Amino acid sequence: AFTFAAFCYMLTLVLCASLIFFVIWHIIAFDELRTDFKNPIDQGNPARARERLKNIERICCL
Amino acid sequence: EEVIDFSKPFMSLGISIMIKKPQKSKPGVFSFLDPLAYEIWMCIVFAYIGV
């Protein structure tokens, strides 16, 4: 029957979706980082270098 | 019965337990939680956390 442990399990079940969301966000951000890294890292254009650096910083902050 | 003769019992009985009558217990510290079971209180705490 309903008890303290069952309620704990329900609440953890609801809160584990958040962890799944967080890890999915992690892997998406790291896939973007890989797309930036494995792709040529030439920074000849100052604007391109600044944009890439700010993207990296933004993802790290996130 | 080996030396005298009895009648059929006029009163049957047996061993039993005597206790002091339960009294109005002196109220305990934290008797204000008694209306709800401890499990309800803990579920309340963790529902607060979860919300």
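Computed from the coordinates by the stated procedures, all read-outs in this text should not be read as laboratory data. Neighbour counts are summed over all protein chains in view; Cβ atoms, including those assigned to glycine, are modelled from backbone coordinates with ideal geometry.
Taken as a whole, region A:5-26 holds at least one residue that is touching a helix residue (DSSP H, G or I) at 6+ places or on another chain (Cβ under 9 Å) and of a type in the set (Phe, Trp, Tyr). Does A:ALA17 satisfy the criteria of being on the phi < 0 side of the Ramachandran plot, exposed (fewer than 10 other Cβ atoms within 10 Å of the Cβ), assigned to a helix (DSSP H, G or I) and within 14 Å of chain B (Cβ to nearest Cβ)? Judged against the criteria, A:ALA17 is a match. Set side by side, the residues A:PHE4, A:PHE37 differ, and just one is more than 14 Å from chain B (Cβ to nearest Cβ) and not acidic (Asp, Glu), which is A:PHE37. Selection of first residues in region B:18-41 that are more than 14 Å from chain A (Cβ to nearest Cβ) and of second residues that are surrounded by 10 or more Cβ atoms within 10 Å (Cβ to Cβ), restricted to Cβ pairs under 7 Å at least 6 apart or on distinct chains, gives the following pairs, ordered by first then second residue: B:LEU33/B:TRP41.
For region A:20-44, a residue qualifies if it is in a helix (DSSP H, G or I) and hydrophobic (A, V, I, L, M, F, W, C), and the qualifying residues are A:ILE20, A:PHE21, A:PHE22, A:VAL23, A:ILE24, A:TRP25, A:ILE27, A:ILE28, A:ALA29, A:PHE30, A:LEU33, A:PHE37.
Given the residues A:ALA47, A:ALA5, A:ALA1, which is the only one that is over 22 Å from the mean Cα position of the chain (by Cα), aliphatic (A, V, I, L, M) and assigned to a loop (DSSP other than H, G, I, E, B)? Testing whether each residue is over 22 Å from the mean Cα position of the chain (by Cα), aliphatic (A, V, I, L, M) and assigned to a loop (DSSP other than H, G, I, E, B) leaves just A:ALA1.
The number of residues in chain B that are polar (S, T, N, Q), surrounded by 10 or more Cβ atoms within 10 Å (Cβ to Cβ) and either part of a loop (DSSP other than H, G, I, E, B) or touching a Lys or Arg at 6+ places or on another chain (Cβ under 9 Å) (or both) comes to 0.
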